[PDB]
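According to PDB author numbering, the sequence shown holds residues 18 to 113, 138 to 431 in order. Inspection log for the structure reproduced underneath, given as structure tokens.
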Amino acid sequence: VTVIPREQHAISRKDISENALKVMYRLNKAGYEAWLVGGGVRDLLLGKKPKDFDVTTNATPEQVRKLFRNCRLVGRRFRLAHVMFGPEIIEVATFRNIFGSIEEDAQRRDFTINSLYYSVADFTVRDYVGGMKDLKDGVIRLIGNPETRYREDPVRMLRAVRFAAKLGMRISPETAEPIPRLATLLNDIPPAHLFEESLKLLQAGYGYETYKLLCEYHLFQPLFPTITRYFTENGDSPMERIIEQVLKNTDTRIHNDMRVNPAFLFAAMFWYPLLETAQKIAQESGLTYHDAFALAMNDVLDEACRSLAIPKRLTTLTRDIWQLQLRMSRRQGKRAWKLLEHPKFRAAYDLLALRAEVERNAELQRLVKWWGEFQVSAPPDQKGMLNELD
């Protein structure tokens, strides 16, 4: 099977395809035939709506700059041109001695249920791989040779986990074996390539299950060297349980169209890691705490950062998120108000929420309940809280 006729494939309905579909006609008219793939297709066959509308035509990124010479075309780099609508953008990649048959760009892509094609001209899809059965039975497929396809681009390992996680559907016996083994290979991939395929995974609002998987494929290990070192066997650490909730929350905080702070998940895991760090250096060298901490932060970062390039933006925040953890501590006669205003505050507290619950520490939980009240107070109450301490 390498095709399915209009009505026979889960009623695609030219209907749930967008303004995006609009573009497909200035192509279907000016010459070339245009096919949409992956992001919408995979989703849409199940029926579930489309996340991004990714187009793919034979017309070269030039005939295309030459065709929509008009439209607010944007986005440099080979092929990959982004034509704009507004709250809807449409990626435009051409097939790929460099270019060729769409079937040709079939083999360059990575997964079966992730790459099925169709034009408004045909109302028919195109299965150049077992794509439709993989979708039918909920199963993950690299297109070609596992062994090759990763050594070639080990990043393909991660997407593969990434996807089995979003969908309550399982990987493939053959596609699956390689990784525990090759796993490590990632190490030579620039840290920031890693750092991006990282967020994409768990701060995708799918995290918890994604990591349930990653850990188990000793894939977690490479990105978070810094961390894995602190797991325990039993399975019950704070570090361990903490990340279980911080993701669980995020899975949820996202499933509820709410902005989540990126910097937050990171300072979120490492707390302990940096914490156990901060500890040893503290005594093992003559120096005071406020100080000791300072470097504690640098090395967990330089270390983990070395494992995956973290934006100065992110770090600078994550730094702050912590340093407050140490200010929310010193019940201050009147400095409270100050911290209260601090830009990066909500996270600081958000952490401490978690923090006091995993650690199952009373004199923290005691404190969180306090900042809890004192932050929603008016000023007549806040005025008074600060007066019971002195």
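Beta carbons are placed, not taken as given, at the ideal position from N, Cα and C, and that holds for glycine.
Every unbroken alpha helix (DSSP H) within the region 206-271, with a cutoff of 4 residues, ordered by chain: Counting whole runs of 4 or more residues, the region 206-271 contains the alpha helix (DSSP H) stretches 214-217, 219-223, 232-235, 237-243, 248-257, 261-264, 266-269.
Inside the region 157-212 only - alpha helix (DSSP H) runs reaching at least 4 residues: 172-177, 187-193, 196-207
Beta-bridge pairing of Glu108 - partner residues as DSSP gives them: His99
Boundaries of the beta strand (DSSP E) in which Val91 is found, first to last residue: It is not in any beta strand (DSSP E) - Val91 carries neither H nor E in the DSSP assignment.
Neighbour-count burial assignment, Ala27, 16 or more Cβ in a 10 Å radius: exposed
Closest residue to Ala206 among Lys253, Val170, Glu50 (Cα-Cα distance): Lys253
Buried versus exposed call for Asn75 [16 or more other C-beta atoms within 10 Å across all chains shown]: With 16 or more other Cβ atoms within 10 Å, it is buried.
Between the CA atoms of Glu108 and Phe70 - distance to the nearest angstrom: 7 Å
CB-CB length for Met310 against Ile268, believed under 8 Å: Taking a contact as a CB-CB distance under 8 Å, the pair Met310 and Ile268 counts as one, their CB atoms being some 6 Å apart.
Closest Cα partner of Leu393 within the set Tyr313, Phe272, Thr273: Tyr313
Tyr258 and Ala224 closer than 8 Å at C-beta: In contact: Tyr258 and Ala224 (Cβ atoms closer than 8 Å).
Helix, strand or coil at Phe152 according to DSSP, with G and I counted as helix: Looking at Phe152 - three-state DSSP - the assignment turns out to be strand.
Whole-angstrom distance between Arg368 and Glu404, CA atom to CA atom: 15 Å
Contact between the region 39-51 and the region 62-69 (3+ Cβ pairs under 8 Å): no
Reference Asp163; option with closest CA among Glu215, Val20, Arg93, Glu238: Its Cα nearest to that of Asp163, the residue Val20 stands out among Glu215, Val20, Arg93, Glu238.
Whole-number beta carbon distance between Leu53 and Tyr159, since they are thought to touch under 8 Å: 6 Å
Which residues DSSP lists as bridging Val58, in chain order: In the DSSP output, where bridge partners are listed per residue, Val58 has none listed.
Other residues of its chain near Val409: CB distance less than 7 Å, five sequence neighbours each side excluded: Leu393, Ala394, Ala397
Beta-carbon proximity of residue 124 to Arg203, cut-off 8 Å: You won't find residue 124 in this model, because the chain goes from 113 right to 138.
Which residues DSSP lists as bridging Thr73, in chain order: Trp52, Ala110
Alpha carbon of residue 130 to alpha carbon of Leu90, nearest angstrom: Because residue 130 lies between 113 and 138, and the chain jumps straight from the first to the second, it has no atoms in this structure.
Supposed close pair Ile322, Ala333 - CB separation, criterion 8 Å: 6 Å
For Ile283: DSSP bridge partner residues: Bridge partners of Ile283: none, in fact.
C-alpha gap between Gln244 and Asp431, whole angstroms: Roughly 42 Å separates the two Cα atoms.
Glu344 to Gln324 span [Cα, whole Å]: 21 Å
Sufficient close CB pairs (3 or more, under 8 Å) joining the region 145-154 to the region 170-188: yes
C-alpha distance - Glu317 paired with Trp412, whole-angstrom precision: 26 Å
Contact set for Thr273: own chain, Cβ-Cβ below 8 Å, skip 5 residues either direction: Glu281
Chain-order list of residues whose beta-carbon lies under 6 Å from that of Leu380 (same chain, five-residue window excluded): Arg368
Under 8 Å between C-beta atoms of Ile181 and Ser156: No, they are not a contact pair.
Burial state of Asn228, where buried means 16 or more other Cβ atoms lie within 10 Å: exposed
Rounded C-alpha distance that separates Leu84 from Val196: 34 Å
Which of helix, strand or coil DSSP assigns to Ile21: Three-state DSSP puts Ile21 in a strand.
Among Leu355, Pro266, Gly185, nearest to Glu237 - alpha-carbon criterion: Measuring from the Cα of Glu237, the nearest candidate turns out to be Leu355.
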